[PDB]
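Coming up, as structure tokens: structure 1 and structure 2, two forms of one and the same protein chain.
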Structure 1
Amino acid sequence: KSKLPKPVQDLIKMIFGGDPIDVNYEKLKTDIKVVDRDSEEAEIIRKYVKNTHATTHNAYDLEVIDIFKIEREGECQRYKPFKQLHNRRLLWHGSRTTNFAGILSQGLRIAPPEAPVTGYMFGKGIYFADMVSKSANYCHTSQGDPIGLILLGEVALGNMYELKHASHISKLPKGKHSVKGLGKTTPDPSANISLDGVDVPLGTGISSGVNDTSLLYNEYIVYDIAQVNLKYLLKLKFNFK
């Protein structure tokens, strides 16, 4: 007899793959609410998904199954220093389903100091995209179980260190709060809207006019866990072609 709505129950079953559903819910230390399918929030999120699928990520199309509003215990209190920092953006973060119990209970985390920098294009930090398909690739979704989880997070970017090439270090110059990896393609900035004082870059991909960058698409990195406030969790269907 769980009192949770069916979509939340199915999300819990997916994350934990056991204890009663309500016992597993309490382990996430996260308020989870279903966003109404006919709400303005849902419409904005579906537009963000539709508009920001990269043309080079054509292995699958995405369909939104369920949208959840999430509030991790203590996370808004932790974010207070960054809350009116200029340049807050609603950005994607994808991950394996098997990581989501950890992400909801502990939040997005940075690799420990001992960890090697190998493969971290912009060093040990928390990585986000403005193109849903770039983040969806980090779900590692299989044809055999074509359902993935992706976050939308409010990221306090402040003053961005704009880079066109990999730098494997995690230390920013004084007064810089984030790295923007400059892609060849960017959501049309003339379609950017604000949702609760946060920029949502849900424009269709156009050419950035940046030349001599190694990135097809933007990415955004912060180096302090307190610069992230997770807002939504989407369950997506991957329709492979």
Structure 2
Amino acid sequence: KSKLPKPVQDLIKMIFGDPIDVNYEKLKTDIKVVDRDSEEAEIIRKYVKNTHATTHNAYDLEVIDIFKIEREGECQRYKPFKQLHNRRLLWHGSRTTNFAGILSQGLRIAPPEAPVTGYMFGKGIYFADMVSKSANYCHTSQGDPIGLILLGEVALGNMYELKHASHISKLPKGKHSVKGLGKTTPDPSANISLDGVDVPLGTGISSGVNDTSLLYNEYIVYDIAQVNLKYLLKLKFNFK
């Protein structure tokens, strides 16, 4: 018999497809349900509502549960970047079968033997400011319509801003991350601050960037320590 709250029990069953509380401990992650009533929940629901891209029209999203997460050791790992400027709360989607690994080991960079296919700025950890760009990476379907998506605090610092694929060998001097510039951006005037982290939850507007290969922004870091995972959402995909 589990002593976890029912939403966390259900999350564990989804991730592991052993007793629930034994499986919980394997994640080496503290997981808390965010109260629907709360400021954090209001902000997160607004981020989901406002940043669904117009071209991702095969589905709408409904937030089922919001969890606050703290991986073992991440406070001390993130410490060197915790004071860097330009820390942003960004989306990362992945298949449900990857989440046991993501929570226990954190987000990782693809190893040498993995293909670079799909990584326009080379192997790194990729994030979006548009929920639906990340949600596409959950590979949900009508038949399997529930997915999981992360919100990470990402220590971007000075961004190396690019408009075309380039598998850079090294970041330029003084730069901490890559940003791919999209044609569409959340309205910067609507950014808010949550616990010292910028949240780009404005509705999508034209960025005014020309000569770019990207419809929407993306953000890449090349050091696993630049990521502090903060929330995990369970999303319902309603397909049209």
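Along the sequence of structure 1, residues get numbers from 1 upward. We call the rigid core the largest set of C-alpha positions that still match within 1.5 Å between the two forms.
Relative to the superposed rigid core, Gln143 undergoes a CA displacement smaller than 2 Å between structures 1 and 2.
In a rigid-core overlay of the protein, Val117 has its C-alpha displaced by at least 2 Å between structures 1 and 2. At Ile169, the distance the Cα travels between structures 1 and 2 is 3.0 Å after the core is superposed.
Here the rigid core is superposed, and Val155 then shows its C-alpha moved by 0.1 angstrom between structures 1 and 2.
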